[PDB]
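Worksheet: one structure, shown below.
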Amino acid sequence: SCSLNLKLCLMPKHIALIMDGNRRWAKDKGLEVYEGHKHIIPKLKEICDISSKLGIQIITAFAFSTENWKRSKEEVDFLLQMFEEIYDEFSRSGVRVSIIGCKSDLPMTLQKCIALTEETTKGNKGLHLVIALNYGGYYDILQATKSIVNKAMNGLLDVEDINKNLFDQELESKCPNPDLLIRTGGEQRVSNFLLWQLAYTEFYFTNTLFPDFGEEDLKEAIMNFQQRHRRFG
Amino acid sequence: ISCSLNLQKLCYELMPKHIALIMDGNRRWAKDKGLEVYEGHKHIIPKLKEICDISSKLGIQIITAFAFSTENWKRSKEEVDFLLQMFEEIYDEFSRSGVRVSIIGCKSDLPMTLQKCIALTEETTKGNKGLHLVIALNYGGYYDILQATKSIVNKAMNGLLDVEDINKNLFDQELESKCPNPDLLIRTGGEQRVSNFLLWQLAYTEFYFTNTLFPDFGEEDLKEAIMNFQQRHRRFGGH
Ligand SMILES: CC(C)=CCSP(=O)(O)OP(=O)(O)O
Ligand SMILES: CC(C)=CCSP(=O)(O)OP(=O)(O)O
Ligand SMILES: CC(C)=CCSP(=O)(O)OP(=O)(O)O
Ligand SMILES: CC(C)=CCSP(=O)(O)OP(=O)(O)O
Ligand SMILES: [Mg+2]
Ligand SMILES: [Mg+2]
Ligand SMILES: [Mg+2]
């Protein structure tokens with residue numbers, strides 16, 4: 001049953017992004033909380049454009065977590081309505097857009113915008129933006145477990161077949177995994193993002209709040225990443 | 001094929017109840033002091049014992065320590081054999097302490113002499129009422145999640161559970177590192193990553209990284225990490 005000693009999948013190919021700090025940013029400027037949230041999609045679009053030029057291929061971005069449901073009804077409804085603007089900002093861009101997470105919990109207004117945004121952009125050969133909306137690492141690992149159990153029940157596989165590669169092919173976020181993770185907002189934790197996929201990722205935390213995160217901030221993170229690899233082997 | 005996450009569990013929380021520890025920086029430390037390659041490794045078990053003593057007094061209840069990873073097998077045979085022989089010291093160092101000691105990881109890959117020492121160390125200390133030290137030896141987060149998955153699959157095949165039972169609590173009970181999860185993770189050695197340690201369990205853990213190499217990590221360094229932890233604001237996704 002056991003055996004472990006005897007492949008896992010300059011510039012980082014895949015960047016993961018935790019877009020934290022939006023509320024504090026607004027509250028600082030005497031603004032209402034919602035003003036902060038309004039910068040999310042525009043900023044992300046702007047970041048995709050900068051990254052696309054640098055040669056980055058994938059960005060996975062944390063927009064809403066399975067724990068975010070615990071916020072006030074007011075705040076939640078506002079965020080889930082706001083995410084409709086994903087269509088406007090991306091539908092006519094050069095970016096290919098996928099969503100990961102539990103779609104069925106979201107308003108049908110939002111469900112339709114998402115499906116449409118995916119359909120319209122599915123052909124773009126540029127940067128692939130993955131938006132994690134109603135997502136969690138616990139959820140990802142559990143839905144992969146259920147899917148593997150179903151396969152074993154239907155005679156498709158044996159317990160001896162269950163390995164890293166098999167499990168990887170059932171997760172919503174797949175190889176190649178993030179080379180670098182950037183978390184804005186000053187906190188040093190992963191908050192139930194891509195738990196499996198971050199096993200060997202480099203972590204970069206900045207105190208810069210997400211709405212102030214610009215090209216200069218990004219280029220710094222990448223510079224820091226390249227210094228880590230000079231002393232890594 | 002049906003998901004639902006909307007109406008929902010976490011195993012967290014002055015003092016951190018559970019500290020996870022990545023012990024990095026041993027070879028650099030020796031090479032700096034002009035000592036032998038493996039001189040750094042010789043500080044592991046002593047330091048751990050010392051850290052348990054300090055932590056135990058402070059009111060900490062659990063320490064999980066990363067001693068050997070699934071990726072460490074790729075080091076030289078010389079270095080590997082030395083480490084695996086050195087882990088035999090676990091019995092001497094802990095057997096007569098007040099500390100309860102468990103090992104997580106794939107025990108069957110290890111030399112039988114090591115397997116026996118481990119089982120003995122576990123048996124002797126299983127009754128102690130003080131601090132629980134978990135030593136991750138031949139462990140990885142990928143391995144932990146996979147062995148839990150196989151166990152769940154076997155049960156479903158034998159009619160002992162169905163797919164609608166598979167949830168966070170179920171999975172927690174099948175993993176080798178269980179609730180309560182780490183409140184704080186300390187990584188010595190200056191690098192900022194988790195290197196396939198407790199992937200599932202670190203979901204809401206606070207991370208502290210220090211440039212201090214592990215052999216120089218002492219009581220003052222530890223109290224600093226704890227002080228840093230106590231400043232932090234944990235929201236767990238709320239406001
Ligand atoms: C809701 C999203 C997209 C990210 C988190 S930003 P937030 O609303 O959690 O803001 P604060 O962390 O409270 O500043
Ligand atoms: C606990 C283990 C596996 C090793 C000791 S730390 P190390 O050997 O990796 O030290 P360096 O990072 O090589 O200085
Ligand atoms: C992870 C543990 C237990 C010790 C260090 S093993 P390593 O020094 O090769 O680790 P990294 O690959 O540098 O993260
Ligand atoms: C970035 C997103 C959308 C979610 C994770 S950040 P959060 O503020 O919900 O997380 P914490 O409460 O700081 O753990
Ligand atoms: Mg936040
Ligand atoms: Mg090292
Ligand atoms: Mg492993």
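Residue numbers start at 1 in each chain; chains themselves are named A, B, ... in the order of the structure tokens; ligands are numbered from 1 in the order shown.
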
**OP:** Compile the residues of chain B that lie within 7 Å of chain A, evaluated using only C-alpha atoms, and express the compilation as a PyMOL selection string.
**Re:** chain B and resi 3-6+70+73+106+108-109+146+149-150+153+157+163+167+192-196+199-200+203-207+237-239

Write the residues of the selection above to a file with N, CA and C atoms, as a CSV table (one decimal), in the first residue's frame.
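What ended up in part_34.csv:
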```
chain,number,residue,atom,x,y,z
B,3,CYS,N,-22.9,20.3,-6.9
B,3,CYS,CA,-22.1,21.0,-5.9
B,3,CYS,C,-23.0,22.0,-5.2
B,4,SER,N,-22.7,22.3,-3.9
B,4,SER,CA,-23.4,23.3,-3.1
B,4,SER,C,-22.5,23.7,-1.9
B,5,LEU,N,-22.2,25.0,-1.8
B,5,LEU,CA,-21.2,25.4,-0.9
B,5,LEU,C,-21.8,26.7,-0.1
B,6,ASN,N,-23.0,27.0,-0.3
B,6,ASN,CA,-23.6,28.3,0.0
B,6,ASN,C,-24.0,28.4,1.5
B,70,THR,N,9.4,13.5,1.0
B,70,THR,CA,9.4,12.6,0.0
B,70,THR,C,10.5,12.9,-1.1
B,73,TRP,N,14.7,11.9,-0.7
B,73,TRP,CA,15.3,10.7,-1.2
B,73,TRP,C,16.3,11.0,-2.4
B,106,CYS,N,5.4,7.4,5.3
B,106,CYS,CA,5.4,6.1,4.9
B,106,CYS,C,6.5,5.3,5.6
B,108,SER,N,7.0,2.1,6.0
B,108,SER,CA,7.5,0.8,5.4
B,108,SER,C,8.7,1.0,4.4
B,109,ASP,N,9.0,2.2,4.0
B,109,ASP,CA,10.1,2.5,3.1
B,109,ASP,C,11.4,2.6,3.9
B,146,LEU,N,-3.4,11.5,-1.0
B,146,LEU,CA,-3.6,10.3,-1.8
B,146,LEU,C,-4.0,9.0,-0.9
B,149,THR,N,-7.5,9.3,0.1
B,149,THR,CA,-8.4,9.0,-1.0
B,149,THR,C,-8.6,7.5,-1.2
B,150,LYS,N,-7.5,6.8,-1.2
B,150,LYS,CA,-7.5,5.3,-1.4
B,150,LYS,C,-8.4,4.7,-0.3
B,153,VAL,N,-12.0,5.3,-1.0
B,153,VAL,CA,-12.4,4.5,-2.1
B,153,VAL,C,-12.8,3.1,-1.7
B,157,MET,N,-16.4,1.1,-2.0
B,157,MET,CA,-16.5,-0.1,-2.7
B,157,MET,C,-17.1,-1.2,-1.9
B,163,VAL,N,-21.1,8.4,-1.9
B,163,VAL,CA,-20.5,9.6,-2.3
B,163,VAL,C,-21.0,10.8,-1.6
B,167,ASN,N,-17.1,14.6,2.6
B,167,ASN,CA,-17.1,16.1,3.0
B,167,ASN,C,-15.8,16.4,3.8
B,192,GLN,N,10.8,31.0,1.0
B,192,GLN,CA,9.4,31.3,1.1
B,192,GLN,C,8.5,30.4,0.2
B,193,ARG,N,8.3,29.1,0.7
B,193,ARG,CA,7.5,28.1,0.1
B,193,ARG,C,7.1,27.0,1.1
B,194,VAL,N,6.2,26.1,0.8
B,194,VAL,CA,5.8,25.1,1.7
B,194,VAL,C,6.5,23.7,1.3
B,195,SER,N,7.0,23.6,0.1
B,195,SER,CA,7.7,22.4,-0.2
B,195,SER,C,7.0,21.1,0.1
B,196,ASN,N,5.7,21.0,-0.2
B,196,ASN,CA,5.0,19.7,-0.1
B,196,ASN,C,4.9,19.2,1.3
B,199,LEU,N,-0.2,20.3,3.0
B,199,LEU,CA,-1.0,21.1,2.0
B,199,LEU,C,-2.5,21.3,2.4
B,200,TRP,N,-3.2,20.3,2.8
B,200,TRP,CA,-4.6,20.5,3.2
B,200,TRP,C,-4.7,21.3,4.5
B,203,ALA,N,-4.6,25.6,5.3
B,203,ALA,CA,-5.5,26.4,4.5
B,203,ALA,C,-5.6,27.8,5.1
B,204,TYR,N,-5.6,27.9,6.4
B,204,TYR,CA,-5.8,29.2,7.1
B,204,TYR,C,-4.7,29.5,8.1
B,205,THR,N,-3.6,28.7,8.0
B,205,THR,CA,-2.4,28.9,8.8
B,205,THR,C,-1.7,30.3,8.6
B,206,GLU,N,-1.3,31.0,9.6
B,206,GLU,CA,-0.4,32.1,9.5
B,206,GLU,C,1.0,31.7,9.3
B,207,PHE,N,1.7,32.3,8.3
B,207,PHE,CA,3.1,31.9,7.9
B,207,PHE,C,4.0,33.0,8.5
B,237,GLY,N,-12.1,34.7,6.0
B,237,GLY,CA,-13.0,34.9,4.9
B,237,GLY,C,-14.1,35.9,5.2
B,238,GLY,N,-14.3,36.2,6.5
B,238,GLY,CA,-15.3,37.2,7.0
B,238,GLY,C,-14.7,38.6,7.2
B,239,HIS,N,-15.5,39.4,8.0
B,239,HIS,CA,-15.2,40.8,8.1
B,239,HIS,C,-15.5,41.2,9.6
```

Original post:
Quick one: residues within 9 Å of ligand 3, with only C-alpha atoms and all ligand atoms, as a PyMOL selection string?
Top reply: (chain A and resi 200+232) or (chain B and resi 21-27+65-69+71-72+75+136-137+139+189+191-197)

Would you export the selected residues with N, CA and C atoms as a short mmCIF file (atom, residue, chain, number, x, y, z; two decimals), in the first residue's frame, please?
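See out15.cif below for the written result:
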```
data_model
loop_
_atom_site.label_atom_id
_atom_site.label_comp_id
_atom_site.auth_asym_id
_atom_site.auth_seq_id
_atom_site.Cartn_x
_atom_site.Cartn_y
_atom_site.Cartn_z
N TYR A 200 4.88 23.53 -4.49
CA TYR A 200 6.25 23.94 -4.73
C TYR A 200 6.32 25.38 -5.24
N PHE A 232 18.58 28.81 -6.18
CA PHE A 232 17.83 27.57 -6.13
C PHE A 232 18.48 26.59 -7.10
N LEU B 21 6.54 23.27 11.74
CA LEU B 21 7.92 23.72 11.74
C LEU B 21 8.65 23.11 10.55
N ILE B 22 9.19 23.97 9.69
CA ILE B 22 10.06 23.50 8.62
C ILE B 22 11.47 23.90 9.03
N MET B 23 12.32 22.88 9.18
CA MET B 23 13.66 23.02 9.74
C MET B 23 14.66 23.06 8.60
N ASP B 24 14.98 24.27 8.13
CA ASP B 24 15.83 24.43 6.95
C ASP B 24 17.09 25.19 7.36
N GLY B 25 18.20 24.93 6.65
CA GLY B 25 19.41 25.74 6.73
C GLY B 25 20.60 25.01 7.36
N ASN B 26 20.56 23.68 7.39
CA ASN B 26 21.53 22.91 8.15
C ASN B 26 22.88 22.86 7.42
N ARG B 27 22.86 22.66 6.11
CA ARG B 27 24.11 22.47 5.38
C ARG B 27 24.86 23.80 5.27
N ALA B 65 6.68 18.72 12.92
CA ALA B 65 8.00 19.10 12.48
C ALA B 65 8.38 18.30 11.24
N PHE B 66 8.88 19.00 10.21
CA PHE B 66 9.20 18.35 8.95
C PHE B 66 10.67 17.91 9.02
N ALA B 67 10.88 16.60 9.16
CA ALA B 67 12.21 16.03 9.36
C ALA B 67 12.77 15.41 8.09
N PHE B 68 11.91 14.82 7.24
CA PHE B 68 12.35 14.21 5.99
C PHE B 68 11.18 14.15 5.01
N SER B 69 11.39 14.73 3.82
CA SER B 69 10.33 14.86 2.84
C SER B 69 10.47 13.78 1.78
N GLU B 71 10.86 14.22 -1.13
CA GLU B 71 11.81 14.67 -2.14
C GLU B 71 13.24 14.51 -1.64
N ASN B 72 13.42 14.27 -0.33
CA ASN B 72 14.75 14.17 0.25
C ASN B 72 15.45 12.89 -0.22
N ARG B 75 18.56 13.22 -2.61
CA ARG B 75 19.91 13.58 -2.18
C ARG B 75 20.83 12.36 -2.29
N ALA B 136 7.21 14.39 11.02
CA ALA B 136 6.88 13.99 9.67
C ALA B 136 8.13 13.45 9.01
N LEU B 137 8.17 12.13 8.84
CA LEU B 137 9.35 11.44 8.37
C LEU B 137 8.95 10.56 7.19
N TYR B 139 7.39 11.98 4.59
CA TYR B 139 6.05 12.50 4.44
C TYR B 139 6.00 13.53 3.32
N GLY B 189 15.48 29.29 7.52
CA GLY B 189 16.30 28.99 6.36
C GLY B 189 16.10 29.98 5.21
N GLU B 191 13.86 30.68 2.88
CA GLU B 191 13.05 30.43 1.69
C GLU B 191 11.55 30.59 1.98
N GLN B 192 10.78 31.02 0.97
CA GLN B 192 9.36 31.27 1.15
C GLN B 192 8.54 30.35 0.24
N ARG B 193 8.32 29.12 0.74
CA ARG B 193 7.46 28.14 0.11
C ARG B 193 7.13 27.05 1.13
N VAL B 194 6.24 26.11 0.77
CA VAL B 194 5.85 25.06 1.70
C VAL B 194 6.48 23.71 1.34
N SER B 195 7.03 23.57 0.14
CA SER B 195 7.75 22.36 -0.25
C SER B 195 7.00 21.08 0.15
N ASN B 196 5.71 20.99 -0.21
CA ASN B 196 4.97 19.75 -0.11
C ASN B 196 4.90 19.25 1.33
N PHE B 197 4.70 20.16 2.30
CA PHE B 197 4.42 19.80 3.68
C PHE B 197 2.91 19.58 3.83
#
```

Subject >> Contacts of stretch 42-49 of chain B at 12 Å (only C-alpha atoms; same-chain gap of 5+ positions) as a ChimeraX atom specification >> reply: /B:20-27,29-30,35-37,54-56,63-68,82-101,131-135,213-219,222

Original post:
Contacts of residue A:206 at 7 Å or less, counting only C-alpha atoms, minus same-chain residues fewer than 4 places along, as a ChimeraX atom specification?
Top reply: /A:183-186

Using C-alpha atoms, can you write the selected residues to a file as a PDB file, in the first residue's frame?
```
ATOM      1  CA  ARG A 183      -0.764  38.081  -2.509  1.00  0.00           C
ATOM      2  CA  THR A 184      -1.593  41.786  -2.136  1.00  0.00           C
ATOM      3  CA  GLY A 185      -3.118  43.207   1.042  1.00  0.00           C
ATOM      4  CA  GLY A 186      -0.371  42.525   3.614  1.00  0.00           C
TER       5      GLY A 186
END
```

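Identified as lying at most 6 Å from ligand 7 when counting only C-alpha atoms and all ligand atoms are the residues residues 70, 140, 141, 142 and 143 of chain B.
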
Original post:
Hey, what's within 10 Å of stretch 75-89 of chain A if we count only C-alpha atoms and toss same-chain stuff fewer than 2 positions away? As a ChimeraX atom specification, please?
Top reply: /A:33-34,37-38,40-42,44-45,63-64,68-73,91-93,97,106-107,109-118,120-121,131,133-134

**OP:** Any chance you could list, as number ranges by chain, the residues in stretch 39-228 of chain B that come up strand (DSSP E or B) when DSSP is run on the backbone?
**Re:** B: 62-69, 100-104, 132-139, 184-187, 206-209

Let's have the selection written as a PDB file, in the first residue's frame, with C-alpha atoms.
```pdb
ATOM      1  CA  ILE B  62       1.087  20.484  19.447  1.00  0.00           C
ATOM      2  CA  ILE B  63       4.215  20.710  17.257  1.00  0.00           C
ATOM      3  CA  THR B  64       4.424  19.108  13.793  1.00  0.00           C
ATOM      4  CA  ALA B  65       8.003  19.099  12.481  1.00  0.00           C
ATOM      5  CA  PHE B  66       9.205  18.347   8.953  1.00  0.00           C
ATOM      6  CA  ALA B  67      12.205  16.030   9.363  1.00  0.00           C
ATOM      7  CA  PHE B  68      12.353  14.212   5.993  1.00  0.00           C
ATOM      8  CA  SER B  69      10.329  14.856   2.844  1.00  0.00           C
ATOM      9  CA  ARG B 100       3.984  12.284  23.505  1.00  0.00           C
ATOM     10  CA  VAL B 101       5.578  11.335  20.140  1.00  0.00           C
ATOM     11  CA  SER B 102       3.908  10.244  16.845  1.00  0.00           C
ATOM     12  CA  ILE B 103       5.416   9.716  13.387  1.00  0.00           C
ATOM     13  CA  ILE B 104       3.522  10.420  10.133  1.00  0.00           C
ATOM     14  CA  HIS B 132       2.199  16.250  21.409  1.00  0.00           C
ATOM     15  CA  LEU B 133       5.199  16.158  19.043  1.00  0.00           C
ATOM     16  CA  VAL B 134       4.411  14.889  15.526  1.00  0.00           C
ATOM     17  CA  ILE B 135       7.488  14.074  13.426  1.00  0.00           C
ATOM     18  CA  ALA B 136       6.877  13.985   9.670  1.00  0.00           C
ATOM     19  CA  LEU B 137       9.354  11.437   8.366  1.00  0.00           C
ATOM     20  CA  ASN B 138       9.125  10.279   4.765  1.00  0.00           C
ATOM     21  CA  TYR B 139       6.050  12.500   4.439  1.00  0.00           C
ATOM     22  CA  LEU B 184       1.282  29.148  12.902  1.00  0.00           C
ATOM     23  CA  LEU B 185       3.933  27.831  10.516  1.00  0.00           C
ATOM     24  CA  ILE B 186       7.561  28.814  11.132  1.00  0.00           C
ATOM     25  CA  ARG B 187      10.030  28.297   8.302  1.00  0.00           C
ATOM     26  CA  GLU B 206      -0.415  32.130   9.490  1.00  0.00           C
ATOM     27  CA  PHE B 207       3.052  31.922   7.905  1.00  0.00           C
ATOM     28  CA  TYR B 208       6.234  33.288   9.509  1.00  0.00           C
ATOM     29  CA  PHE B 209       9.510  33.115   7.519  1.00  0.00           C
TER      30      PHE B 209
END
```

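For the pair atom 8 (O, counted along the ligand's line) of ligand 1 and atom CA of residue A:214, the interatomic distance is 18.4 Å.
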
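Note that atom CA of residue B:8 and atom CA of residue B:169 are 12.2 Å apart.
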
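Going from atom CA of residue A:19 over to atom CA of residue A:213, you cover 9.4 Å.
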
Original post:
Do you know which residues are at most 9 Å from residue A:43 counting only C-alpha atoms, after dropping those on the same chain fewer than 3 positions away, and could you put them as a VMD selection string?
Top reply: chain A and resid 39 to 40 46 to 48 210 to 214

**OP:** Please give the complete set of residues from stretch 46-118 of chain A that DSSP, run on the backbone, assigns to alpha helix (DSSP H), formatted as a PyMOL selection string.
**Re:** chain A and resi 46-54+73-82+86-90+108-118

Store the residues of this selection in a file with N, CA and C atoms, as a short mmCIF file (atom, residue, chain, number, x, y, z; two decimals), in the first residue's frame.
```cif
data_model
loop_
_atom_site.label_atom_id
_atom_site.label_comp_id
_atom_site.auth_asym_id
_atom_site.auth_seq_id
_atom_site.Cartn_x
_atom_site.Cartn_y
_atom_site.Cartn_z
N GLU A 46 -6.26 45.12 -16.48
CA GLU A 46 -5.00 45.84 -16.63
C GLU A 46 -3.79 44.94 -16.36
N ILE A 47 -3.86 44.14 -15.29
CA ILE A 47 -2.77 43.22 -14.98
C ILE A 47 -2.59 42.20 -16.11
N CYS A 48 -3.69 41.67 -16.67
CA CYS A 48 -3.57 40.71 -17.77
C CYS A 48 -2.82 41.32 -18.95
N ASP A 49 -3.13 42.59 -19.27
CA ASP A 49 -2.49 43.30 -20.38
C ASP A 49 -0.98 43.43 -20.16
N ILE A 50 -0.57 43.87 -18.97
CA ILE A 50 0.84 44.01 -18.65
C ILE A 50 1.53 42.64 -18.72
N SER A 51 0.88 41.62 -18.14
CA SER A 51 1.48 40.29 -18.02
C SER A 51 1.63 39.67 -19.41
N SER A 52 0.59 39.85 -20.23
CA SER A 52 0.54 39.34 -21.59
C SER A 52 1.76 39.83 -22.38
N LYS A 53 2.14 41.10 -22.18
CA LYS A 53 3.28 41.70 -22.86
C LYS A 53 4.59 41.08 -22.37
N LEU A 54 4.65 40.71 -21.08
CA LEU A 54 5.87 40.18 -20.48
C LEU A 54 6.15 38.74 -20.91
N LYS A 73 -25.16 39.95 3.78
CA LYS A 73 -25.97 39.75 2.59
C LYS A 73 -25.80 40.93 1.63
N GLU A 74 -25.80 42.15 2.19
CA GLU A 74 -25.59 43.36 1.40
C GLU A 74 -24.30 43.23 0.58
N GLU A 75 -23.17 42.99 1.27
CA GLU A 75 -21.87 42.92 0.62
C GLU A 75 -21.84 41.80 -0.42
N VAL A 76 -22.43 40.65 -0.08
CA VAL A 76 -22.37 39.51 -0.99
C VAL A 76 -23.13 39.83 -2.28
N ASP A 77 -24.41 40.23 -2.17
CA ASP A 77 -25.24 40.55 -3.33
C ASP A 77 -24.55 41.55 -4.26
N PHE A 78 -23.85 42.53 -3.65
CA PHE A 78 -23.16 43.56 -4.41
C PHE A 78 -22.04 42.94 -5.25
N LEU A 79 -21.24 42.07 -4.63
CA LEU A 79 -20.11 41.44 -5.29
C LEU A 79 -20.60 40.56 -6.44
N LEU A 80 -21.65 39.76 -6.19
CA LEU A 80 -22.12 38.78 -7.16
C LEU A 80 -22.83 39.46 -8.33
N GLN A 81 -23.47 40.60 -8.06
CA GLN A 81 -23.99 41.43 -9.15
C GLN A 81 -22.81 42.04 -9.91
N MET A 82 -21.81 42.54 -9.19
CA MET A 82 -20.67 43.23 -9.85
C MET A 82 -19.95 42.29 -10.82
N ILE A 86 -17.72 41.04 -15.76
CA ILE A 86 -16.71 40.20 -16.39
C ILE A 86 -16.95 40.15 -17.90
N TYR A 87 -18.23 40.12 -18.32
CA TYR A 87 -18.57 40.02 -19.73
C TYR A 87 -18.08 41.25 -20.50
N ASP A 88 -18.48 42.44 -20.03
CA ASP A 88 -18.13 43.70 -20.67
C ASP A 88 -16.61 43.83 -20.84
N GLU A 89 -15.87 43.55 -19.75
CA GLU A 89 -14.45 43.85 -19.70
C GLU A 89 -13.64 42.87 -20.55
N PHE A 90 -14.12 41.64 -20.74
CA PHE A 90 -13.29 40.60 -21.32
C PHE A 90 -13.84 40.08 -22.65
N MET A 108 -28.47 33.13 -11.63
CA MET A 108 -28.52 32.77 -13.04
C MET A 108 -28.08 33.94 -13.92
N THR A 109 -28.34 35.18 -13.48
CA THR A 109 -27.81 36.36 -14.16
C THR A 109 -26.31 36.16 -14.38
N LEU A 110 -25.63 35.82 -13.27
CA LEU A 110 -24.18 35.65 -13.23
C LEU A 110 -23.78 34.39 -13.99
N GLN A 111 -24.52 33.30 -13.79
CA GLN A 111 -24.25 32.06 -14.50
C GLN A 111 -24.20 32.28 -16.01
N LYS A 112 -25.14 33.08 -16.53
CA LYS A 112 -25.25 33.28 -17.97
C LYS A 112 -24.11 34.15 -18.51
N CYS A 113 -23.82 35.25 -17.79
CA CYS A 113 -22.68 36.10 -18.14
C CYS A 113 -21.41 35.26 -18.24
N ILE A 114 -21.20 34.36 -17.27
CA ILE A 114 -19.99 33.55 -17.21
C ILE A 114 -19.91 32.66 -18.44
N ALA A 115 -20.98 31.89 -18.69
CA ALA A 115 -21.02 30.97 -19.83
C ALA A 115 -20.78 31.72 -21.14
N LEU A 116 -21.40 32.90 -21.26
CA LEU A 116 -21.22 33.73 -22.44
C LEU A 116 -19.77 34.20 -22.56
N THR A 117 -19.18 34.69 -21.45
CA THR A 117 -17.81 35.19 -21.47
C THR A 117 -16.85 34.08 -21.90
N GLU A 118 -17.10 32.85 -21.42
CA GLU A 118 -16.28 31.69 -21.76
C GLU A 118 -16.41 31.35 -23.25
#
```

Original post:
With only C-alpha atoms and all ligand atoms as the atoms that count, which of B:107, B:234, B:33, B:129 lies nearest to ligand 1?
Top reply: B:234

**OP:** Please provide the set of residues having any atom within 9 Å of stretch 173-177 of chain B, restricted to only C-alpha atoms, with same-chain residues fewer than 5 positions apart removed, written as a PyMOL selection string.
**Re:** chain B and resi 64+104-105+134+144-145+147-149+151-152+168+198+201
